[PDB]
């Protein structure tokens, strides 16, 4: 892997991850984007050098480091027009931040429009030298990162506004229905060894039901949060989520199908679509002939708990917090709404608005989309599922924070004692009332949005303006950040 100090050069080029070729986005001349790693406590210095020339996929860029708290470095978080203006082509920008108090599985992706769908997205691992789960496994390295991704034959701005994927990629490879002989990813294991696999969803839209024929999976991490171990036989993973699971390679030496069934597009495994190969050392170099058995032990989010058994912030009753917010989803004029407002990117990034003197949510643009949060407070947010926002279940993501999921999708119970904490949560289907809690210990504007990128583009977002009075003092910005907007605003539209 590369990192924690590295150049990330962004360019355009042709790729063929499902045996069909198209123009896309390369990072350090490769697709899919390379793995970046560090250790707990490391300073990351990622110099993003933008050499893109294709306006259809956008020449500008901005990168989000998904899951990092960015305390004191809100300017480095990535969302275009929230935390920065985009980097302009022919320029570079250094993201310089620390990860003092976090370890686990993360990822990076463009956070400008729908650009990450065109290929700028890759995994990150922050290792913990004192990982409490470390004695459960033998192997945890580049080879044990498993990414899932949707792939489209037409680019994000070329196809339908809400497209359906032609292929699922596993570690960057997969088959489409018209490319049944395309290359497949192979993950190799040695019989008798134990592996920490780190499963990362780079998806722009679909969720995937992940399973491995003949094997159970011991889940030990969700979205960079250590869990009490939970053995499962399938995992439904939503866009932008991560899980670590331990696999004991104790079955017969052979080839076993790795499966990732999407919730849209091709919903079968015919011809080896939506599949990869688990190969034991010594097995024949052939495709598996294993069968899928019904999942009788699927992952259930409400049954997950943190390793430390951390209580939810606040008191154990509905509304037992300093500020309770309800987000009512809707859809009007082809745009998503939250509490009647659709997010449209402001000309001046929200952070720059605050640093320039905006004092309240009413002062902040876009109007109706920004919520001021008090400092050092317990917050509860409910996000009740509704068919009024098409394309459910919507996996919501809160920047700058992990949150307690006090009520999960598909469950009527509330857990304040020992709920799972994570950073992306499915808000489920009608009848659900997914409810989250967090503490406001991190001054800055933080995006809260559906991580289905096509829905974000259609306005399905709000901004949480946390502790506005302390933002400037807590987040001193580098000169290079100050220069982003004047450079970007000087571009002609066709160079954006």
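Positions refer to the first chain, counted from 1.
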Given 283-291 and 144-152, the range whose Cα B-factors average higher in the PDB entry
283-291
For the stretches 463-471 and 450-458, which has the higher mean C-alpha B-factor as given in the deposited record?
463-471
For the C-alpha B-factor as written in the entry, point me to the maximum among 168, 135, 386, 73.
135
Quick one: which of 349, 410, 393, 78 shows the highest Cα temperature factor in the PDB entry?
410
Taking the values exactly as deposited, rank residue 198 by C-alpha B-factor within its chain and report the matching third: lowest, middle or highest.
lowest
Ranked by Cα temperature factor within the chain, is residue 309 in the lowest third, the middle third or the highest third?
highest
For residue 267, the third of its chain into which the C-alpha B factor falls
highest
Lowest, middle or highest third: where is residue 443 by Cα B-factor in its chain?
middle
Modelled-residue ranking by C-alpha temperature factor, third containing residue 84
lowest
